[PDB]
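The block underneath contains the structure these notes are about, expressed in structure tokens.
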Amino acid sequence: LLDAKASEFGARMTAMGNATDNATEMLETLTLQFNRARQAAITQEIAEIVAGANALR
Amino acid sequence: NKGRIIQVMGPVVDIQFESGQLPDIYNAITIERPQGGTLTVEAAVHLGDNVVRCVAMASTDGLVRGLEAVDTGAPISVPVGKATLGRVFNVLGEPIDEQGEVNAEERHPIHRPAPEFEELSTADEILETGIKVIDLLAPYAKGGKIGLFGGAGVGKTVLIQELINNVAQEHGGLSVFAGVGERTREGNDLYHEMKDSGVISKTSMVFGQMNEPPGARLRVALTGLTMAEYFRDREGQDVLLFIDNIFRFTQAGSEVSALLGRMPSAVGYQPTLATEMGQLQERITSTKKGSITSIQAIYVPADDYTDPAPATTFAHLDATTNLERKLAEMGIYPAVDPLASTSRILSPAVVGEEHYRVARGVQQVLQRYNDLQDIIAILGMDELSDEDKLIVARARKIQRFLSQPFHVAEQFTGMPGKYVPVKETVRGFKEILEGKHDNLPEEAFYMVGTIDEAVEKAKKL
Amino acid sequence: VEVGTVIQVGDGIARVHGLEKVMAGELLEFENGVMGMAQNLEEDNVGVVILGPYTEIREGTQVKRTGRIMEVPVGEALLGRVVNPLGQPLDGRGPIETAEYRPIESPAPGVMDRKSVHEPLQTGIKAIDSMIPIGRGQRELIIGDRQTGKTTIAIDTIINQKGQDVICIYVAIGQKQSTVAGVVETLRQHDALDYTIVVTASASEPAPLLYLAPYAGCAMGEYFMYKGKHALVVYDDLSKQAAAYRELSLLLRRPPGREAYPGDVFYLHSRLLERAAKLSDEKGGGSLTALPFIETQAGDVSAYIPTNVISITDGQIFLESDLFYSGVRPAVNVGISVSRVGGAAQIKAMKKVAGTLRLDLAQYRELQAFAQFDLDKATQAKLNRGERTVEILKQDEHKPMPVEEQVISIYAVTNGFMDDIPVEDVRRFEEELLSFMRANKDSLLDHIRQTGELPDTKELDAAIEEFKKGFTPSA
Amino acid sequence: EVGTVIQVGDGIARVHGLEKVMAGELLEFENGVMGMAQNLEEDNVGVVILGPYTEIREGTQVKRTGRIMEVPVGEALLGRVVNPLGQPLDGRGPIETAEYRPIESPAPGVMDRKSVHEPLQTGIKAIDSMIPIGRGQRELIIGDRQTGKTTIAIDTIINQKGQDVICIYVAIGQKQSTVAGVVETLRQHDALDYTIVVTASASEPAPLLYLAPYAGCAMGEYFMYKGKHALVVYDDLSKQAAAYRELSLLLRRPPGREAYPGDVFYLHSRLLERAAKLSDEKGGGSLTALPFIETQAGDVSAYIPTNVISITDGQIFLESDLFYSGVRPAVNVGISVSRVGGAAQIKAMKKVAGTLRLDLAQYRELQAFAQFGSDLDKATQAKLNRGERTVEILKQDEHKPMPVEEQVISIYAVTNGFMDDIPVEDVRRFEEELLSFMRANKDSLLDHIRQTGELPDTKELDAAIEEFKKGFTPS
Ligand SMILES: Nc1ncnc2c1ncn2[C@@H]1O[C@H](COP(=O)(O)OP(=O)(O)O)[C@@H](O)[C@H]1O
Ligand SMILES: Nc1ncnc2c1ncn2[C@@H]1O[C@H](COP(=O)(O)OP(=O)(O)O)[C@@H](O)[C@H]1O
Ligand SMILES: Nc1ncnc2c1ncn2[C@@H]1O[C@H](COP(=O)(O)OP(=O)(O)O)[C@@H](O)[C@H]1O
Ligand SMILES: [Mg+2]
Ligand SMILES: [Mg+2]
Ligand SMILES: [Mg+2]
């Protein structure tokens with residue numbers, strides 16, 4: 001039982017160590033997507049304002 | 001003073017008048033149509049060369065360049081007093097109910113300055129709605145400013161109709177309803193509903209719906225407000241002001257903005273958003289002379305509360321009912337956000353120490369549930385502690401007991417509506433926090449009135 | 001004022017000098033017979049939008065006033081014909097012989113001209129008719145991504161009006177014409193074409209005709225509404241109509257707003273869909289029911305044009321790809337989809353059996369997602385019930401179910417008559433049950449047909465139990 | 001001298017003539033309404049109207065004053081409610097004063113200042129301990145709506161009672177009945193008689209919202225340059241920015257990010273730099289600024305927030321998650337900054353606050369282990385027990401500002417471990433009774449902190465707390 005418990009907790013270290021490394025990989029991918037959308041949103045918003053102003057003049 | 005049309009650009013019309021004979025800004029100007037009938041337009045901008053740019057209150061189709069335009073010499077004036085009660089109006093204050101003339105004492109202009117700082121006060125007395133989520137977590141005040149925020153199809157109209165059914169039914173004073181840029185079906189539904197219940201006799205109705213051009217939707221709220229302002233100031237009686245939907249005033253202004261010659265602001269809105277909103281909103285208030293309890297539906301475009309229109313509206317309110325789609329998507333109606341909904345009178349001084357403690361207890365349990373949702377979703381339910389598992393169980397029951405069947409929504413719920421007193425509501429959520437209904441299933445709490453009805457419902461399951 | 005001259009032209013947008021006293025939004029006729037529409041009355045020139053081919057319209061081309069607004073043919077002659085937004089036939093079966101005409105622009109019925117929506121428009125689809133019911137005079141948006149089953153719902157609805165005395169109008173906007181030809185053939189094969197008008201403004205047409213197509217189809221439906229008859233109109237779709245209006249506005253140099261659309265893009269669809277209504281008994285009691293379409297991009301219901309049309313209509317049917325490919329067809333999202341008429345648009349039998357159905361299944365789908373993260377008895381019973389109810393709401397394309405048969409199927413599953421049946425056998429159980437009820441227990445079905453109410457529940461419970469004795473489950 | 005109006009609209013008038021007008025000059029229309037020359041163009045003067053414009057027309061005449069905008073200043077404005085022009089709104093008669101100052105005024109230079117060394121006590125334990133504000137500092141209060149921003153400013157103003165500090169609450173874009181509620185709260189807590197209230201409500205013209213902070217700044221500067229100390233609150237600069245945007249867009253100055261002009265940063269930096277701590281040679285007076293920013297959904301990287309964050313000396317970030325949990329005031333200590341830091345604190349607070357910021361950082365960092373109860377080692381066990389107890393001390397009720405001497409003893413007690421024995425739910429009651437015990441019996445320890453600004457004998461203080469701790473009854 002004690003040896004099986006040692007194997008259980010060791011297996012949980014590895015599995016949750018991988019899940020931590022996988023989470024950091026995904027967190028970077030999401031941060032790239034966010035900053036892609038943030039930059040695209042500001043580019044579009046300001047372009048529509050300037051386009052609207054040029055239509056009057 | 002007579003003028004001549006030089007341009008027609010959709011809802012905007014440019015009229016050249018004679019030198020030194022210009023209408024003032026906001027003056028009503030009449031134009032006789034070639035087809036037959038009269039078109040009222042409102043003066044907006046003095047362009048120069050004796051030209052006045054005007055926003056039309058009806059369709060400009062059929063107009064021709066060169067037609068005569070006549071200055072009325074004043075703003076759009078509409079009937080006031082007890083002749084308006086029981087009647088249905090349009091933006092110009094004309095009767096659209098097909099029940100003869102309106103023998104009013106006076107006709108006041110729709111434009112008006114806001115009240116003085118000296119005239120104003122705060123709203124401290126609670127107003128019982130009979131809706132659990134509102135009365136507990138974000139209660140309304142008598143003579144105060146209420147706002148019903150929500151996205152497209154989350155439940156603003158169903159909520160305001162329920163507040164008419166609950167509050168305005170046994171109301172000693174008078175009422176005003178303003179239909180602003182919304183569905184004409186709903187105006188017909190509400191009129192016949194008020195006619196059946198007998199509330200129509202206490203209520204003046206105005207309608208300028210989404211079929212109408214922008215100018216009509218821009219000024220229709222002022223027509224209704226002017227009637228409410230009469231009942232506040234001149235007569236000694238309490239007023240209920242229902243507006244559905246106030247957003248459409250801002251949107252109507254946004255439609256005409258570029259044609260008036262104004263450069264656009266952020267998110268496609270007019271640069272004068274805050275000023276135009278404030279000059280309308282600050283008139284909607286209680287004073288030392290009289291009490292107006294204003295309840296306004298507020299559309300949130302794209303479910304985005306950061307949008308300039310609803311964001312700017314928040315400053316004008318004493319209580320806010322914040323509807324969210326994610327609650328409505330589950331079937332939780334009314335879909336009221338228990339955290340983001342707020343009230344100025346949520347404090348021990350007004351509602352008592354028990355009410356405030358129970359209301360705050362509900363918010364902490366629901367806050368903790370939201371923090372755990374993203375953790376539970378990936379890592380699972382059984383990895384939590386015994387305290388958190390109990391919090392999750394009670395939060396889901398609390399969230400379902402916050403739901404409620406409405407009298408006006410029987411055709412959607414498929415069951416009878418329920419009215420729940422405040423002391424009964426506080427008792428119900430208190431017993432759930434203390435843990436007295438932990439063995440009842442979740443569905444027992446869903447769509448009921450009192451906590452007693454939840455105990456009875458659990459036996460059926 | 002007598003005759004104008006084209007001073008400049010390009011992209012189907014002429015500019016005319018000479019017409020002094022022309023009306024705002026007036027119909028004009030060019031030299032070669034092609035029509036036009038005068039948009040804005042500026043001081044010097046007049047911006048004219050050409051409603052046809054602009055190959056032979058050069059500089060110096062003569063233009064003349066008609067003294068009228070834009071107008072289309074209407075009536076019984078259009079039934080079973082394929083026309084353009086102007087009313088001209090494309091099927092090649094001779095001219096449209098009719099004396100009745102109606103305008104493109106026409107006001108909606110006011111607050112006193114309407115009666116509350118109280119009469120069903122049966123689609124024959126269980127998911128719609130039970131949870132998101134459409135009534136005569138209602139506007140119900142059909143919204144979702146490409147290839148989610150939007151058109152199929154509209155075509156099946158049209159087919160289900162066979163013998164119900166409801167004139168259908170299918171308005172195609174911006175489609176390829178071979179797909180519209182395929183739709184005409186599908187209506188022909190199911191014998192729905194006799195009472196259907198096919199308006200089409202294909203992708204090769206100028207933008208003004210795409211812009212004008214829903215208003216033409218609306219005018220063809222309004223004819224029957226104001227006569228006291230009932231009509232259904234489908235706009236497939238308004239995304240391409242709005243895009244054609246955007247093109248029109250930008251070519252006329254009107255100021256752009258969000259996604260380059262003009263400021264009155266909400267107003268475009270609001271005045272269109274407000275004309276769909278249920279008239280009062282005082283004004284004849286007729287109706288025009290509207291099925292506008294929106295194509296979302298990647299399920300984005302919160303985009304600019306989708307939320308405008310959601311905010312106009314009396315609810316929406318939202319379809320999704322993940323539901324579609326997982327086996328849920330029709331792929332209706334119960335949480336996002338809603339009907340704003342509701343129980344008023346259902347018969348009393350359907351109202352009683354399916355009154356709380358959408359709210360129950362909304363709670364089920366949340367509970368299903370939460371359950372994945374060993375449950376208790378009462379909660380597990382709700383999941384088992386909901387899972388069986390989901391199988392009942394599944395339905396194949398072009399297989400309409402009469403409302404009486406829908407009531408029995410929904411009554412059976414919601415009162416626990418399929419709890420002892422496995423989940424995989426629920427659809428076969430349904431087909432065999434209804435086949436049993438049609439053959440042997442038709443008086444129970446007929447009670448719902450004639451009265452509109454449920455039969456005696458004692459007798460109905462016994463009839464279902466009688467069927468179950470001859471049902472063999474596979475598991 | 002004289003000029004005539006060409007065009008009028010939306011609180012803006014373009015004027016022919018006025019050839020020798022100054023940029024920013026005060027103008028008078030023929031009906032008595034005032035204006036300000038913002039745009040000097042080749043053929044006209046763009047004038048922003050400081051009042052109603054319905055009586056202003058084409059042909060209306062405008063006069064030069066030859067002066068910039070001034071406001072009344074001094075002791076007469078104390079206890080009064082005024083608009084940005086200095087006109088009384090409370091209905092309590094005129095404002096008798098000989099002293100006047102310009103709205104636009106240059107800030108003190110680099111050589112006119114002395115380092116910020118004097119505390120401005122807010123009376124709020126979380127702010128005074130870990131995000132300390134000094135006299136002359138500009139500290140931003142930033143967060144979403146209903147996070148407790150206004151309360152912090154009102155409680156700061158109330159705490160200045162009997163400290164010889166003139167407060168100035170500038171309200172921009174608020175509902176006027178909400179401003180009436182604020183002055184009543186100040187009246188009830190005896191805070192109004194040393195406070196000036198400048199209000200430009202939402203119904204006021206856009207130029208008054210634009211000019212409101214500068215008017216309030218000038219009123220604060222009067223006391224600064226006379227050798228006294230003052231506090232100014234701008235509630236808020238988001239609505240001020242939007243009001244200046246309105247005028248710039250109406251005057252057709254080019255738009256940028258969120259439609260703001262290129263001088264909106266310059267607008268706020270010119271305002272906030274006028275708040276300062278003067279040198280001994282210049283009298284030693286000061287103006288402390290508390291600008292507000294209302295963020296939308298926590299977006300601190302939005303344009304106007306980004307501007308005011310970089311301009312100021314520090315930020316007090318508030319958050320909704322903390323507010324709903326019961327952490328009130330809802331101050332996020334991790335991201336909140338005070339660049340002045342220890343220099344703005346007395347020696348007693350500086351010493352005790354070092355352990356407090358260390359303990360609170362480690363608690364919220366190691367909060368993932370909190371659910372895993374009694375599995376942890378004793379090192380992280382005691383830090384979680386200490387951490388959750390310090391959170392309860394940092395909680396504080398509405399309108400109850402604490403004296404600095406009472407704050408340091410409360411922080412000293414929790415950080416040295418005198419509340420580890422007492423339960424978590426009893427920490428706030430333990431605090432209130434401890435300070436009641438210290439005020440009554442052990443006043444000599446309190447008075448030492450008042451006089452010297454340092455901690456008393458630590459072993460004597462430890463003995464005083466232990467006497468109370470035995471008399472206390474847990475639950
Ligand atoms: N309290 C409620 N109970 C049951 N269903 C509701 C409730 N509120 C809204 N709904 C559902 O959502 C639909 C939209 O409500 P509505 O008030 O028209 O939304 P909006 O916020 O756009 O005004 C209703 O027709 C109904 O089907
Ligand atoms: N209930 C259904 N069962 C099976 N297939 C369906 C069903 N509804 C639609 N489909 C299929 O989905 C595809 C797309 O249908 P369509 O109505 O053209 O979607 P959309 O108009 O949204 O692009 C078609 O091939 C059609 O056969
Ligand atoms: N420390 C506190 N304890 C309890 N309630 C508070 C506290 N601080 C603020 N509140 C309450 O919470 C609400 C927060 O709103 P407010 O102070 O106006 O902040 P904001 O200006 O950001 O909206 C107020 O109604 C106030 O009564
Ligand atoms: Mg609504
Ligand atoms: Mg399709
Ligand atoms: Mg505030």
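Letters A, B, ... go to the chains of the structure tokens in the order shown; residues in each chain start at 1; ligands are counted from 1 in the same order.
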
All residues having an atom within 9 Å of ligand 1 (only C-alpha atoms and all ligand atoms) as a ChimeraX atom specification: /B:148-162,182,186,244-245,297-299,323,328,331-335,403-414 /C:132,310-312,314-315,337-342,359

Export, as a short mmCIF file (atom, residue, chain, number, x, y, z; two decimals), in the first residue's frame, the selected residues with N, CA and C atoms.
```cif
data_model
loop_
_atom_site.label_atom_id
_atom_site.label_comp_id
_atom_site.auth_asym_id
_atom_site.auth_seq_id
_atom_site.Cartn_x
_atom_site.Cartn_y
_atom_site.Cartn_z
N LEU B 148 -33.34 49.61 -16.77
CA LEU B 148 -33.36 48.19 -17.10
C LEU B 148 -32.41 47.92 -18.27
N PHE B 149 -31.16 47.59 -17.93
CA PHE B 149 -30.13 47.28 -18.93
C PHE B 149 -30.29 45.85 -19.44
N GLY B 150 -30.08 45.67 -20.74
CA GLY B 150 -30.04 44.34 -21.33
C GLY B 150 -29.72 44.32 -22.81
N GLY B 151 -29.13 43.22 -23.27
CA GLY B 151 -28.88 42.99 -24.69
C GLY B 151 -30.15 42.65 -25.46
N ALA B 152 -29.97 42.28 -26.73
CA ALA B 152 -31.10 42.02 -27.63
C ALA B 152 -31.80 40.71 -27.27
N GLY B 153 -33.02 40.82 -26.74
CA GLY B 153 -33.84 39.65 -26.40
C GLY B 153 -33.52 38.96 -25.09
N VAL B 154 -33.04 39.71 -24.10
CA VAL B 154 -32.72 39.14 -22.77
C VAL B 154 -33.86 39.30 -21.74
N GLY B 155 -34.70 40.32 -21.92
CA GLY B 155 -35.93 40.49 -21.12
C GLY B 155 -36.24 41.87 -20.54
N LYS B 156 -35.95 42.93 -21.29
CA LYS B 156 -36.24 44.31 -20.84
C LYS B 156 -37.73 44.63 -20.92
N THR B 157 -38.36 44.32 -22.06
CA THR B 157 -39.78 44.59 -22.28
C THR B 157 -40.69 43.74 -21.39
N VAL B 158 -40.34 42.46 -21.23
CA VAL B 158 -41.08 41.56 -20.34
C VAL B 158 -40.98 42.05 -18.89
N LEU B 159 -39.80 42.54 -18.50
CA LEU B 159 -39.58 43.07 -17.14
C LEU B 159 -40.37 44.36 -16.88
N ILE B 160 -40.31 45.31 -17.81
CA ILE B 160 -41.02 46.59 -17.64
C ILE B 160 -42.54 46.41 -17.64
N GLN B 161 -43.04 45.49 -18.47
CA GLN B 161 -44.46 45.12 -18.48
C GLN B 161 -44.91 44.47 -17.16
N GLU B 162 -44.03 43.69 -16.55
CA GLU B 162 -44.29 43.11 -15.23
C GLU B 162 -44.29 44.16 -14.12
N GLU B 182 -39.32 51.14 -30.63
CA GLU B 182 -39.46 49.69 -30.39
C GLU B 182 -40.59 49.11 -31.25
N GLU B 186 -45.90 45.47 -29.76
CA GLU B 186 -45.82 45.59 -28.30
C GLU B 186 -46.60 46.79 -27.75
N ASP B 244 -39.65 52.71 -22.99
CA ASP B 244 -39.11 51.55 -23.69
C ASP B 244 -38.99 51.92 -25.18
N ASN B 245 -37.79 52.17 -25.73
CA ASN B 245 -36.47 52.02 -25.10
C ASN B 245 -35.68 53.32 -25.27
N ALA B 297 -36.16 51.26 -20.01
CA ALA B 297 -35.47 50.15 -20.68
C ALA B 297 -34.28 50.71 -21.46
N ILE B 298 -33.13 50.05 -21.36
CA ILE B 298 -31.87 50.52 -21.95
C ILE B 298 -31.22 49.38 -22.74
N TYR B 299 -31.23 49.49 -24.07
CA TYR B 299 -30.62 48.48 -24.94
C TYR B 299 -29.10 48.56 -24.88
N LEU B 323 -29.37 42.96 -16.99
CA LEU B 323 -29.69 41.67 -17.59
C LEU B 323 -28.50 41.12 -18.37
N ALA B 328 -30.17 34.06 -19.15
CA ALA B 328 -31.30 33.81 -20.05
C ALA B 328 -31.11 32.55 -20.91
N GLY B 331 -32.18 29.58 -18.94
CA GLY B 331 -33.60 29.60 -18.57
C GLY B 331 -33.89 30.36 -17.28
N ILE B 332 -32.87 31.02 -16.72
CA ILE B 332 -33.03 31.82 -15.51
C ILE B 332 -33.68 33.15 -15.92
N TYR B 333 -34.96 33.30 -15.59
CA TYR B 333 -35.72 34.52 -15.86
C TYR B 333 -36.37 35.02 -14.56
N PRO B 334 -36.36 36.33 -14.28
CA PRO B 334 -35.70 37.35 -15.10
C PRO B 334 -34.18 37.22 -15.03
N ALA B 335 -33.50 37.42 -16.16
CA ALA B 335 -32.07 37.14 -16.28
C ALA B 335 -31.18 38.23 -15.65
N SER B 403 -34.67 33.11 -9.88
CA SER B 403 -35.63 33.07 -11.00
C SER B 403 -37.06 33.16 -10.47
N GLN B 404 -37.99 33.53 -11.34
CA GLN B 404 -39.38 33.77 -10.94
C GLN B 404 -40.31 33.79 -12.16
N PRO B 405 -41.50 33.16 -12.05
CA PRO B 405 -42.50 33.25 -13.11
C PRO B 405 -43.27 34.57 -13.04
N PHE B 406 -43.41 35.25 -14.18
CA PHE B 406 -44.07 36.56 -14.26
C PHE B 406 -45.52 36.44 -14.74
N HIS B 407 -46.38 37.33 -14.24
CA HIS B 407 -47.78 37.43 -14.67
C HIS B 407 -47.91 37.71 -16.17
N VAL B 408 -47.07 38.59 -16.70
CA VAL B 408 -47.08 38.95 -18.13
C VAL B 408 -46.39 37.93 -19.05
N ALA B 409 -45.63 36.99 -18.48
CA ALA B 409 -44.88 35.99 -19.25
C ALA B 409 -45.43 34.56 -19.10
N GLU B 410 -46.74 34.42 -18.94
CA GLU B 410 -47.38 33.09 -18.83
C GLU B 410 -47.31 32.30 -20.14
N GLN B 411 -47.43 33.01 -21.27
CA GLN B 411 -47.29 32.41 -22.60
C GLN B 411 -45.86 31.91 -22.94
N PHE B 412 -44.85 32.37 -22.20
CA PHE B 412 -43.46 31.91 -22.36
C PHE B 412 -43.06 30.86 -21.33
N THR B 413 -43.45 31.07 -20.07
CA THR B 413 -43.15 30.13 -18.98
C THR B 413 -44.04 28.88 -18.98
N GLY B 414 -45.30 29.03 -19.41
CA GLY B 414 -46.28 27.95 -19.38
C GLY B 414 -46.82 27.64 -17.99
N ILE C 132 -40.13 27.17 -30.19
CA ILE C 132 -40.02 28.52 -30.78
C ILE C 132 -41.17 28.73 -31.79
N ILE C 310 -31.86 40.89 -35.00
CA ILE C 310 -32.36 40.27 -33.76
C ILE C 310 -33.21 41.28 -32.97
N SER C 311 -32.74 42.52 -32.89
CA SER C 311 -33.45 43.58 -32.15
C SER C 311 -34.76 44.05 -32.80
N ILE C 312 -34.96 43.75 -34.08
CA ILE C 312 -36.19 44.07 -34.81
C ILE C 312 -37.25 42.98 -34.67
N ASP C 314 -39.46 39.32 -33.84
CA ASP C 314 -40.15 38.74 -32.68
C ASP C 314 -39.53 37.39 -32.29
N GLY C 315 -38.22 37.40 -32.05
CA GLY C 315 -37.47 36.18 -31.74
C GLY C 315 -36.65 35.68 -32.91
N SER C 337 -32.08 30.58 -29.13
CA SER C 337 -33.34 30.68 -29.86
C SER C 337 -34.50 31.03 -28.93
N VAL C 338 -35.45 31.81 -29.43
CA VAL C 338 -36.62 32.23 -28.65
C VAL C 338 -37.75 32.72 -29.56
N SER C 339 -38.99 32.59 -29.09
CA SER C 339 -40.17 33.13 -29.75
C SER C 339 -40.81 34.18 -28.84
N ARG C 340 -41.02 35.39 -29.37
CA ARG C 340 -41.58 36.50 -28.59
C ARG C 340 -43.11 36.58 -28.59
N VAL C 341 -43.76 35.71 -29.37
CA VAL C 341 -45.22 35.51 -29.29
C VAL C 341 -45.51 34.34 -28.34
N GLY C 342 -44.79 33.23 -28.54
CA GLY C 342 -44.85 32.09 -27.62
C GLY C 342 -46.15 31.31 -27.68
N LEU C 359 -37.71 26.14 -21.54
CA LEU C 359 -37.06 26.39 -20.25
C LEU C 359 -36.52 25.11 -19.60
#
```

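Residues in contact with residue C:173 at 6 Å, where only C-alpha atoms are counted and same-chain residues fewer than 3 positions away are skipped, are listed as residues 201, 210, 236 and 237 of chain C.
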
Write the residues you've just listed into a file as a PDB file, in the first residue's frame, and include C-alpha atoms for each of them.
```pdb
ATOM      1  CA  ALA C 201     -32.150  39.104 -57.334  1.00  0.00           C
ATOM      2  CA  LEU C 210     -30.659  43.235 -54.292  1.00  0.00           C
ATOM      3  CA  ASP C 236     -32.944  34.684 -48.022  1.00  0.00           C
ATOM      4  CA  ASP C 237     -30.895  36.610 -47.050  1.00  0.00           C
TER       5      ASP C 237
END
```

Environment of ligand 6 within 9 Å, counting only C-alpha atoms and all ligand atoms, reported as a VMD selection string: (chain B and resid 315) or (chain D and resid 145 to 151 174 235 to 236 292 294)

Restricting the output to N, CA and C atoms, write the selected residues as a compact mmCIF listing (two decimals), in the first residue's frame.
```
# COMPACT_ATOMS: atom_id res chain seq x y z
N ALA B 315 -24.61 56.91 -15.39
CA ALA B 315 -24.55 58.10 -14.53
C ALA B 315 -25.92 58.67 -14.12
N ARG D 145 -17.21 51.19 -12.69
CA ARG D 145 -18.31 51.77 -11.92
C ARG D 145 -18.69 50.85 -10.75
N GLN D 146 -19.14 51.46 -9.65
CA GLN D 146 -19.53 50.76 -8.42
C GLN D 146 -18.40 49.94 -7.77
N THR D 147 -17.18 50.48 -7.82
CA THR D 147 -16.02 49.88 -7.15
C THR D 147 -15.59 50.63 -5.87
N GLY D 148 -16.20 51.79 -5.61
CA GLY D 148 -15.92 52.59 -4.41
C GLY D 148 -14.98 53.76 -4.59
N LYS D 149 -14.91 54.32 -5.80
CA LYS D 149 -14.01 55.44 -6.10
C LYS D 149 -14.42 56.73 -5.39
N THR D 150 -15.68 57.13 -5.57
CA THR D 150 -16.20 58.37 -4.98
C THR D 150 -16.14 58.33 -3.45
N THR D 151 -16.51 57.19 -2.86
CA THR D 151 -16.45 56.98 -1.40
C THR D 151 -15.06 57.27 -0.82
N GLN D 174 -21.78 64.41 -13.93
CA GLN D 174 -22.63 63.61 -13.03
C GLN D 174 -24.08 64.06 -13.10
N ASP D 235 -13.77 64.32 -10.38
CA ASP D 235 -14.67 63.16 -10.45
C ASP D 235 -15.69 63.36 -11.58
N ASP D 236 -15.38 62.99 -12.83
CA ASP D 236 -14.12 62.35 -13.24
C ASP D 236 -13.58 62.94 -14.55
N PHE D 292 -9.92 61.16 -11.12
CA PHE D 292 -10.66 59.90 -11.31
C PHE D 292 -10.61 59.48 -12.77
N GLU D 294 -12.89 56.42 -14.93
CA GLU D 294 -13.82 55.30 -14.98
C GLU D 294 -13.46 54.40 -16.16
```

Counting only C-alpha atoms, which residues of chain B come no farther than 10 Å from chain A, as an mmCIF file with C-alpha atoms, in the first residue's frame?
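Okay, out-v2.cif is ready:
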```
data_model
loop_
_atom_site.group_PDB
_atom_site.id
_atom_site.type_symbol
_atom_site.label_atom_id
_atom_site.label_comp_id
_atom_site.auth_asym_id
_atom_site.auth_seq_id
_atom_site.Cartn_x
_atom_site.Cartn_y
_atom_site.Cartn_z
ATOM 1 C CA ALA B 258 -23.448 62.928 -40.160
ATOM 2 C CA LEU B 259 -26.211 64.505 -42.304
ATOM 3 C CA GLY B 261 -22.552 67.948 -40.656
ATOM 4 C CA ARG B 262 -21.035 66.492 -37.468
ATOM 5 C CA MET B 263 -17.811 64.443 -37.491
ATOM 6 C CA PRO B 264 -18.240 60.973 -35.925
ATOM 7 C CA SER B 265 -17.080 59.949 -32.438
ATOM 8 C CA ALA B 266 -16.026 56.500 -31.133
ATOM 9 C CA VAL B 267 -18.079 53.392 -32.078
ATOM 10 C CA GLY B 268 -19.974 55.291 -34.829
ATOM 11 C CA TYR B 269 -21.726 57.644 -32.360
#
```

Contacts to ligand 2 at 10 Å cut-off (only C-alpha atoms and all ligand atoms) as a ChimeraX atom specification: /C:125,142-156,179,183,236-237,293-296,319-321,324-325,327-331,394-399

Interface list for chain C, partner chain A, 10 Å threshold, only C-alpha atoms, as a list in words: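 Contact residues on the first chain: residues 250, 253, 254, 255, 256, 257, 258, 259, 260, 261 and 262 of chain C.
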
Please tabulate, as a tab-separated table, the residues of chain D that come within 8 Å of chain A, each with its closest pair of atoms and the distance in Å to one decimal, counting only C-alpha atoms and ordering rows by chain, then residue number upward.
```
residue	atom	partner	partner_atom	distance
D:255	CA	A:50	CA	6.7
D:256	CA	A:46	CA	6.4
D:257	CA	A:46	CA	5.7
D:258	CA	A:46	CA	6.6
D:259	CA	A:49	CA	6.5
```

File dump, residues just selected, N, CA, C and O atoms, as a tab-separated table (two decimals), in the first residue's frame:
```
chain	number	residue	atom	x	y	z
D	255	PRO	N	-9.64	63.71	-35.83
D	255	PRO	CA	-9.77	62.67	-34.81
D	255	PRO	C	-8.66	61.63	-34.87
D	255	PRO	O	-8.10	61.37	-35.94
D	256	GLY	N	-8.36	61.03	-33.72
D	256	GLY	CA	-7.41	59.91	-33.61
D	256	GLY	C	-8.04	58.74	-32.88
D	256	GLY	O	-9.20	58.42	-33.12
D	257	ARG	N	-7.27	58.10	-32.00
D	257	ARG	CA	-7.75	56.94	-31.24
D	257	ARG	C	-8.97	57.30	-30.40
D	257	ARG	O	-8.95	58.28	-29.65
D	258	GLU	N	-10.03	56.50	-30.54
D	258	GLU	CA	-11.34	56.75	-29.91
D	258	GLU	C	-11.90	58.16	-30.21
D	258	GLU	O	-12.57	58.76	-29.38
D	259	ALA	N	-11.60	58.65	-31.42
D	259	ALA	CA	-12.02	59.97	-31.91
D	259	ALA	C	-11.51	61.21	-31.13
D	259	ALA	O	-11.99	62.32	-31.37
```
